[PDB]
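Before any comments, here is the structure.
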Amino acid sequence: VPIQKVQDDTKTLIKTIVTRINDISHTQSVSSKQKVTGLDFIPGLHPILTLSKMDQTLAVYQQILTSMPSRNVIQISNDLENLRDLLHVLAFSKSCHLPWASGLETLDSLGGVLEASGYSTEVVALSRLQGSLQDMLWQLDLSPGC
Amino acid sequence: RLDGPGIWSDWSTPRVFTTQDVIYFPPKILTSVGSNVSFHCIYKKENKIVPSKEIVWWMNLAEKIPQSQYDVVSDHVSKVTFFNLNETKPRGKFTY
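Protein sequence lines correspond, in order, to chains F and W.
Everything in the first sequence is counted per the UniProt record's numbering, starting at 22 for the first residue and increasing by one.
Everything in the second sequence is counted per the UniProt record's numbering, starting at 312 for the first residue and increasing by one.
Next up, the structure:
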């Protein structure tokens with residue numbers, strides 16, 4: 022397993038998800054950094070310093086995206102899974118043992134927001150995902166640690 | 312029975328309706344091109360009804376509505392008035 026190739030592919034998957042969100046016109050007009058109350062469970066821009074943090078963040082995003090009926094969103098969830106797997110192989114090449122992140126146990130609340138306001142959940146989840154991926158991409162050269 | 316010595320029915324099954332923060336009235340408007348529509352809202356913050364001067368309105372979370380459109384109907388409630396409406400352009404599945 023080439024380490025350099027895996028690192029570049031990890032970069033690529035992150036850029037890939039970011040660009041996908043860029044294609045989604047309604048998400049572009051929405052501020053990534055902006056805080057919206059109720060959506061706090063979604064892992065938005067809050068410093069993601071380490072690989073385990075990245076893994077749990079991506080896991081929660083996958084869990085949220087899986088529940089929303091949209092063709093683009095299902096794939097984004099899949100991309101997030103592959104990104105997690107890439108992080109796991111990098112952690113292996115670095116001699117780190119990454120436990121497989123479960124999603125949020127606290128999904129019993131997400132149903133309410135999905136029912137009441139689908140639009141808010143989708144736009145927030147996508148814009149915060151794009152932001153989180155951008156800082157992850159920035160930090161992946163900084164020699165990320167476990 | 313309205314007329315005469317009617318017996319009362321039993322009570323209906325109780326129905327509980329627990330409201331959520333923030334009120335829109337109306338919740339939805341179905342209209343045609345060229346009409347005028349206005350919305351009113353109340354914003355509840357930590358079991359308190361905020362003053363109307365504080366309330367600001369937004370469209371699709373993209374941008375703030377110009378201040379000229381706002382009208383203060385009352386101390387608790389704020390209102391926006393739209394004129395010469397243009398067709399809503401659909402974003403993905405959403406028509407409105």
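Ideal Cβ positions, reconstructed from N, Cα and C, are used throughout, including at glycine.
Flag this pair as yes or no: are the beta carbons of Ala112 (chain F) and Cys167 (chain F) separated by less than 7 Å? yes
Taking the Cβ atom as the reference point for each residue, do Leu147 (chain F) and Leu104 (chain F) lie within a distance shorter than 7 Å? no
What distance in whole Å lies between the Cβ atoms of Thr87 (chain F) and residue 210 (chain F), which are believed to be in contact at a cut-off of 8 Å? Here chain F covers residues 22 to 167 and nothing more, so residue 210 (chain F) does not appear.
For residue 172 (chain F), I'd like the list of residues in its chain whose CB is within less than 8 Å of its CB, leaving aside the five on either flank, ordered along the chain. The question about residue 172 (chain F) has no answer, for chain F in this structure spans 22 to 167.
Report the three-state DSSP secondary structure of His47 (chain F) (helix, strand or coil). helix
I'd like to know whether the C-beta atoms of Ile42 (chain F) and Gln151 (chain F) end up nearer to each other than 7 Å. yes
DSSP state of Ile318 (chain W), grouped into three classes? coil
Residues sharing a beta bridge with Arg41 (chain F), DSSP: DSSP output for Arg41 (chain F) lists no bridge partner at all.
Out of F:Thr71, F:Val94, F:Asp30, F:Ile85, which has the shortest C-alpha to C-alpha gap to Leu125 (chain F)? F:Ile85
Residue environment, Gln83 (chain F), which counts as buried when at least 16 other CB atoms sit within 10 Å: buried
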